[PDB]
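Take a look at the structure set out below.
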There are 4 protein chains.
Amino acid sequence: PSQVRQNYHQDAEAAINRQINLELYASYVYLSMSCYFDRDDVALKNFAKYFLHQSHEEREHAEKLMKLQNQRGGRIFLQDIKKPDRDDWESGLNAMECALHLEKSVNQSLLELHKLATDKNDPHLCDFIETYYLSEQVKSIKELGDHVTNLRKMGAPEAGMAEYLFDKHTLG
Amino acid sequence: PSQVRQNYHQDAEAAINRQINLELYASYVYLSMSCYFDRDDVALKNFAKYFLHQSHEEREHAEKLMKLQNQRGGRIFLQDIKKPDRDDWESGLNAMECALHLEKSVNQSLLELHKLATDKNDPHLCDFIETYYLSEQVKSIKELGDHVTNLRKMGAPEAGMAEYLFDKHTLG
Amino acid sequence: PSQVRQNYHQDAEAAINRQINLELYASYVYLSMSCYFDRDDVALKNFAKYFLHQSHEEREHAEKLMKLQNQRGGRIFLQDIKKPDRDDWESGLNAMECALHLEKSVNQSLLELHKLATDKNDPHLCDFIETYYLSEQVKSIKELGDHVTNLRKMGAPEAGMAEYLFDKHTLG
Amino acid sequence: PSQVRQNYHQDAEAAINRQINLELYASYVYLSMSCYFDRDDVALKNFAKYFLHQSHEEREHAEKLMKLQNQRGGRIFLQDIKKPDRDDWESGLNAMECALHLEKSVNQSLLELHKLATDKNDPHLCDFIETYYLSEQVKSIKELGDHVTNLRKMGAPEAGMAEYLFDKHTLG
Ligand SMILES: [Fe+3]
Ligand SMILES: [Zn+2]
Ligand SMILES: [Zn+2]
Ligand SMILES: [Zn+2]
Ligand SMILES: [Zn+2]
């Protein structure tokens, strides 16, 4: 064992490595969305900016878990980052719905990690998760739900002005 | 020959004179568009401003080619600047589509000039074109394509609010 | 075809997608190196900082190619980002040697892309590569070669003070 | 019972008093280390400064637990502060190893206190521990492990320049 390791179960170490991969995957999905909105036949610059910001945030989430793994004396093992499920995200509304689904799946993973940390009596890891991840995920999910609600009410994607005006007012 | 002339083929000199005329023509087309949008029965001030800016930029493009011709020891020969194809540009969307077509035709001319410079082994002229023209044309074409996409999606020109709101948000 | 596309061969579009994947892979390799140097049993903070910076730079390289693909009217197709070849990078000297090898492999890919752009008479793409990529790769390769030279001369990794003092002076 | 006391078990009160004594003991150990490095035959001023800072921090830890005890309506009962195990700490490396061992023993005590608070359903005390203590201990342990790693790699204590240069660069 590492000279720093204390109260850090092998199952937690493995679960953190899984979470690192999931956050890197989420970053890649957001990047894919961002570059869809930069296409000349889509051309919604503030949707593109919004998803690029989310991509960079997910990267920061992954890097903070890497720092945690080393702080606790675990060892980082990286895996392939799978490509996103689609190249064409269809519409601003569809991308926001897909983002909401993704954020909820990441939250579910974090709740399973917290349950594991609780079961292994690892309060530092429980607190880490609560302080830096759970907080943030609830806020993200609520923001995406609000965006989906507004776009649907405005008539997106069939009402042509809806995504245009949402891009200007809400995301601009 | 001019005392400064070196590695500057007569065919390149002639092609630069042609390009000067094309950039002056493009400036004149944009000016025509600008003054259509200032009509009391059209009244889209930010479309007018956008096309007047493009007119002034094309002028600057022409003047920079004139400077190049003299720097290399060629001689500028000016020709008539033909009037634009229309006086009435119909709509904001139609003017943006016509601008996209014009910008692509200017780009095609510049690509033919680069091919000539390459064939005559004139690296200074190739670099000039690449650095000051090709760069700029790709950016212009992408911007106009984005504008056309947005106006179509918003319902222009039949949806009456589309050009009005595009003028305010995108061009304002 | 995209409304913006002009003089952009399908082979170039495919090669740009390959290059995007390679730059994302390079970013991931650097990230792996960074987190090796943050291990409690390695503990070289300025090596970690150096490789994290390189990771972020490779990301920016990838994102700029994505912007180019959309500017030219190509379509981005993402692929899996493969995991790096090692988790344990052994030493500061070994990581710098591996980085040098990686940077040379990325340079080779870029030279093949330039040759393709030249063969398809695509001067905008040739200029893009030259201006934003080739420049940068030569500088990177020279810097890594200088680092490898200095670490070897100092006696790394067997001379225990060498990586410590290099971390302080050169990377600090 | 105190007029403020609510949900504060007698076992928790006793455990907090034990922890106060342990933090005061740790402060005293660090003070002993600090004054070893100020000896004329040791003369490592930045090691001395580092351990004096740690001594003052442990004092602050103890005082914050005293504040908690009174905030919850417990009563502070002080005990003798035992003298440290050694007067002569031998070397910079040995002192850092002894500090790492001490910090891990304090962490173990805090984890036992958290388990007690959890078992007595005292969420305010659990949160206190997590927020102000567990966080800090993990960071301390990782920093000391990094210092031990670097000193060993540099050749301390037998390589005479190692502690001297570590004192200058890392601790200065
Ligand atoms: Fe509005
Ligand atoms: Zn995340
Ligand atoms: Zn022009
Ligand atoms: Zn790169
Ligand atoms: Zn303490």
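Indices start at 1 and increase along the chain as displayed.
According to its header, the structure was obtained by electron microscopy, 1.2 Å.
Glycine is treated like the rest: Cβ placed from N, Cα and C.
Here is what Swiss-Prot records for this protein:
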- A:6-155: domain 'Ferritin-like diiron' (DOMAIN)
- A:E23, A:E58, A:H61: Fe cation 1 binding site (BINDING)
- A:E58, A:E103, A:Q137: Fe cation 2 binding site (BINDING)
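Secondary structure at A:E23 (Fe cation 1 binding site), taken from DSSP and collapsed to helix, strand or coil, is helix. Note: the Cα of A:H61 (Fe cation 1 binding site) and the Cα of A:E103 (Fe cation 2 binding site) are spaced 13 Å from each other. Around A:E103 (Fe cation 2 binding site), the same-chain residues at least 6 positions away in sequence with a Cβ under 8 Å from its Cβ are A:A26, A:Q137, A:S140, A:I141, A:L144. Proximity to ligand 2 at the level of Cβ atoms, with a cut-off under 6 angstroms, picks out A:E23, A:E58, A:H61 from the binding-site residues A:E23, A:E58, A:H61, A:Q137.
Classification of A:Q137 (Fe cation 2 binding site) by DSSP places it within a helix. Ligand 4 lies under 6 Å from the Cβ of none of the binding-site residues A:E23, A:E58, A:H61, A:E103, A:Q137. Annotation for A:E23 (Fe cation 1 binding site): same-chain Cβ neighbours under 8 Å, separated by at least 6 residues, are A:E58, A:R59, A:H61, A:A62, A:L65, A:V106.
Listed in chain order, the residues near the Fe cation 1 site other than A:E23, A:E58, A:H61 are A:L22, A:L24, A:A26, A:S27, A:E57, A:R59, A:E60, A:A62, A:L65, A:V106, each with its Cβ within 8 Å of the site Cβ centroid.
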